[PDB]
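I am attaching a structure below and will ask some questions about it afterwards.
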Amino acid sequence: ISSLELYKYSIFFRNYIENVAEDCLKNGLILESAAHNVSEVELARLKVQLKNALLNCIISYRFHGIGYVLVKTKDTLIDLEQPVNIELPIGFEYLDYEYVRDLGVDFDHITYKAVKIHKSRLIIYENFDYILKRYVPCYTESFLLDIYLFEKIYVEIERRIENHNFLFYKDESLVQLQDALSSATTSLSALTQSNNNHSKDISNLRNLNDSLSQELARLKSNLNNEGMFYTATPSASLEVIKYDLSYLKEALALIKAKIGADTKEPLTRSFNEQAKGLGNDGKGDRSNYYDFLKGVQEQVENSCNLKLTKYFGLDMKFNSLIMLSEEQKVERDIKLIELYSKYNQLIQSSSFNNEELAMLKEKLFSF
Amino acid sequence: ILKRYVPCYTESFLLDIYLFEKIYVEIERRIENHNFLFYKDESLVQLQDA
Amino acid sequence: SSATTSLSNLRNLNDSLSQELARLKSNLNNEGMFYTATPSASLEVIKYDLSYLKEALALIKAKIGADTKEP
Amino acid sequence: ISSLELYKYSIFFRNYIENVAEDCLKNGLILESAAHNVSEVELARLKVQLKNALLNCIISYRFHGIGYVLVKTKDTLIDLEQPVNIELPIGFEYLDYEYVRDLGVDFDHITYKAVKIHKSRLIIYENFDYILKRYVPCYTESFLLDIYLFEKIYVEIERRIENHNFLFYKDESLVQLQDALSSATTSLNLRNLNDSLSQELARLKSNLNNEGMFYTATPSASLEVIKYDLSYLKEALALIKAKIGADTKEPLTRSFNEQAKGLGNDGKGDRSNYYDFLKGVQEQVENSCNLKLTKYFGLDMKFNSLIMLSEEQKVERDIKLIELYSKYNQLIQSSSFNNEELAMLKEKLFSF
Amino acid sequence: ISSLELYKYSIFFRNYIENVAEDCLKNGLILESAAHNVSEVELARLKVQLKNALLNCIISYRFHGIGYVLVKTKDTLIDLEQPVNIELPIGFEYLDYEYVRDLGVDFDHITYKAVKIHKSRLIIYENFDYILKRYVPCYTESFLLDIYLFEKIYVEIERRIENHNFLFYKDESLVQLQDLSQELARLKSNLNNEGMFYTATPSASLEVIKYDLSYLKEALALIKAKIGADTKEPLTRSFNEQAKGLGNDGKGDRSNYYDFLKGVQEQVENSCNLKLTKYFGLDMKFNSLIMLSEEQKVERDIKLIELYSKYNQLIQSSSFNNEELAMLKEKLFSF
Amino acid sequence: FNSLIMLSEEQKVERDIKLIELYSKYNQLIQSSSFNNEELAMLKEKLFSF
């Protein structure tokens, strides 16, 4: 099973790959400058280009196991080899994995297509598995097999859709007389081949099948006209041959169960039937998808800020995954104001000691 | 990944739509003669073959 | 089969034979009606089953749930 | 499958075609004059004729892919070729598609039956598909096939209703003697054998009716009831209903007149798919009309709101708005907020 | 399938045809005179005759595709050809479709039975289909087929009700008697006496032959589904099981039957007022389809009074600017 | 692009009512509290509306 071929053929695999990146960059980023000298418009344009690069970076991270973003500065193509001490980037450009040659972490440069680029100008997002001691994608052979079976079910459905029901007709008529003469002639000709009126046999076969086609046309015509199929032979038989789909239905159930067990993306597990579960429920019991997205966001933030702050004086942050609605904000403000009013009333109408009030202050979350 | 411009649909989606239509294509193919009579008789073919 | 064994006059023989076999098969498949002339000819659909695998999946899920604590 | 034949035979297709137009013009139009000089009675009569024309215009748009409405002014039949700069129309008349010859958008005239009419006097509502590069109707071959199958189910039901159950009788009696002699000698008196066979069959029928017992002589005689079945047609009807529901958005067509149009007021912004479709159709019709009504005739047309509020709903909304105003007045009177803060509250408030 | 024969045989078709007209004229009409000179009693009598004519007009519109109502004035039978400028009608009379000859819209007269009547004295309600370029009824061939099958089901039920169960008996000595027959019938009577049928032949056979009705049941289900899909009249769709749905629910989400009736009423109003106002100085209107009950009226009055009280309280106890109060006035529906 | 979510008139009125209530509560707290200036300011940032 080839991952590239599966990606080309199946949209489900493409959606599974791209949904995580789209959800991670759904809510946006926050870009800041340590020097506090860059204007907000230029920084916003930089943030837009950074988001555009990061989408493809995460997609490449999931598909191949590593993703490269080049931080383009005001320099020539030959200056990319030289390191950078402190600079303000001009932009961000995602680098294709197939055109990047990296020899490992022990080296501080890569070759892009043969331009030599220092690693200080590159944001690297890699998935290194210490057990396997190699970079691995987000999918495995079993997952690929599950997707392949998911497609093969409908492949088989298309294979057997046209002739799911057909007629098996056995008739010892004039047609079988011709056919049996034909069969005996063909058997004798086979004996002679193994070793001469075979041309006569051929002319027979041809005329015989011509008459067979004519008779089948006549039988179908009678069937359509009077809705009655009539035959002469007392041993004639007519039976409907039918196919079945229970195997494929059960296989679909099992494959859905396996996919749900093998991935954490709610849309992929539920076949686009469940929500992402990234809303606000007023409780700290967050969802598995939320935890996964938070971990991915933390890794991306670490990868970016390892070199944006040190070499470029820039800091990046992800927006909160949970976005509150206006009504929720109003309700929270009302509750907080009520809490403050209660605290003020207690302070005004209490005679507690100073130490006791202070001790209450620390044990209170808001105060 | 594909290094090319692609539409919003794939071959599997096209196959799904094609099967969705082919179901009713087959329904139309076999609607007229869903039920019919199979009759076996020797005197009546003594009549019909003549 | 004897032809293929000999391959592993005859040209005309095989051409005629192939023509006739192809036409007979094509007619029977296209007309949506499978015709045969042998009174003892038989045609049966052979089907597989998945209940064993379904039950095994149920049992395996139960065993995994019993064997680990990770929800 | 012919769309015209299906339209003639099936009322379901006719209803599917006409429901959208009827719903679009259910709530009515609003007609206004830019000059503000036309009396309201004449303008109302013009609006009535405009609605009458627009119904057929939308019907032709759905059935053929284009619809033509002629804006009749105080001119002669030969003056239709001449363009119009500024005029007040006398009326509106729908033009039949079959009698209109149009060579495309590159031309500014059409031929009607052979009167040449300039396109500036015509309201054109067309459905041009850029992928197909041609005007197409609202239906396709698959939809036509679905309707045809829907009718063919009951066609077959009528074909096999009369003889759904019948008797199969085998008897090597005198009757078989008679029919065997008839068979042999006709393949080669006989009419008397005919008569005797019919007489005995009628006698046995009479016995069956009289004493409720069918008796026969032959030890190998057989009598079996032959019956038909309808599960195939039932399943086909289910599948066809599913396909129709998938293939159209009109709620009556999808639900077989079992569901409502869903054009009520629920107090929420989550509108229905039919509402969105009707709004889009209304916007297209408004654009098509106002492209030439305003420029050449000084008239403006608008569609009434799809959602119509009831009297009780209006009273409830008025009560809620009055309560909101009272709360705002109380806050303003009993607050000591700064002027900037009050102003900032004003913009962030929807009503104020 | 003949529509006239189906109408004669089936009451369901008759009810389907007449229900729409009965519902349209259920709530009544309002008749007014532009000159404001006609007494109300005479106008009410005119309205009664107008309703009587309009019922048959709508019935003919649904069955044939066109309906004719003659506006009878104080004139002779030969004066019907002459046009009318301004007159007060004496009455309204529905004209039978079979006795009316009309050559099309290009002509301004018709022949009735051979009296020539000008079209200015006639109220015409027609259903012209531009796709078909002809006048068509409210039903089609498929609908006729559905009704025919609906009747044929019970036709077949009557055909096979009597002999749904019977006995098939095979015996050789008994036919030695038959070919005595009535005496073996008497032996069957002895079966009825002693509860035991006895026979001699070791190869004699007795079997109960039975019929079945699943085909007809399934066909009835399918036919009901087709009828419901093919018509919008709730009684016809539900087999007189559902209501007309013309009540007041306090919401603007009206019913499909209400919309259909409103469209029919608008068409009838246009057809009547095209010539009643121009030639006779009379105006006709249909009563509201939704009729409020006394309790509903009281509740609405209470709510409106509460709204007015709230508005008065706000005006008295507010210090809003004049422009703001005016702006509130337009955005308020009631004020 | 216009907002995908379109609020109804009733929803707008309800939101306005809730916001007015929030402002009234804030004004009451400010008038009937004796909090320090730093504490009031700190409350201002942690409040979404203010």
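Some points to look at:
Order of writing sets the labels: A, B, C, D, E and F. Residues in every chain begin at 1.
Note that a contact is a pair of C-beta atoms (placed from the backbone, for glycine too) under 8 Å apart; a residue touches a chain by one contact, two chains touch by 3 or more.
A comparison of the A-B and D-F interfaces places the larger number of contacting C-beta pairs at A-B.
Chain E and chain F have centres, each the mean of its CA atoms, that are 59 Å apart. Taking each chain's centre as the average of its CA atoms, chain B and chain D sit 29 Å apart.
If you average the Cα atoms of chain B and of chain E, the two centres end up 42 Å apart.
One finds 20 Å separating the Cα centroids of chain D and chain E. Contact of a single residue of chain B with at least two other chains is seen at positions 23, 32, 37, 44. Of all possible chain pairings, those that touch are A-B, A-C, A-F, B-D, D-E, D-F.
By the touch rule above, chain D contacts chain E in their complex via residues 4, 7-12, 14-15, 22-23, 26, 48, 56, 59-60, 63, 94, 96, 151, 153-155, 157-158, 161-162, 164-165, 167, 208-209, 211-219, 221, 223, 225, 227-231, 233-234, 237, 252, 256-258, 260-265, 307-315, 317-319, 321-323, 325-326, 329, 333. For chain D in complex with chain B, the residues that touch the partner chain are 142, 145-146, 148-149, 152-153, 156, 160, 179-180, 183-184, 186-187, 226, 228-229, 232-233, 236, 239-240, 243.
Against chain A, the residues of chain F that register as touching in their complex are 15, 18-19, 21-22, 25-26, 28-29, 32-35, 43, 46-50.
Residues 4, 7-12, 14, 59, 63, 96, 151, 154-155, 157-158, 161-162, 164-165, 223-224, 227-234, 236, 238 of chain A are the ones that touch chain B when the two sit in their complex. Listing the residues of chain C that touch chain A in their complex gives 2-3, 6, 10, 13, 16-17, 19-20, 23-24, 27, 29, 31-39, 41, 43, 45, 47-51, 53-54, 57.
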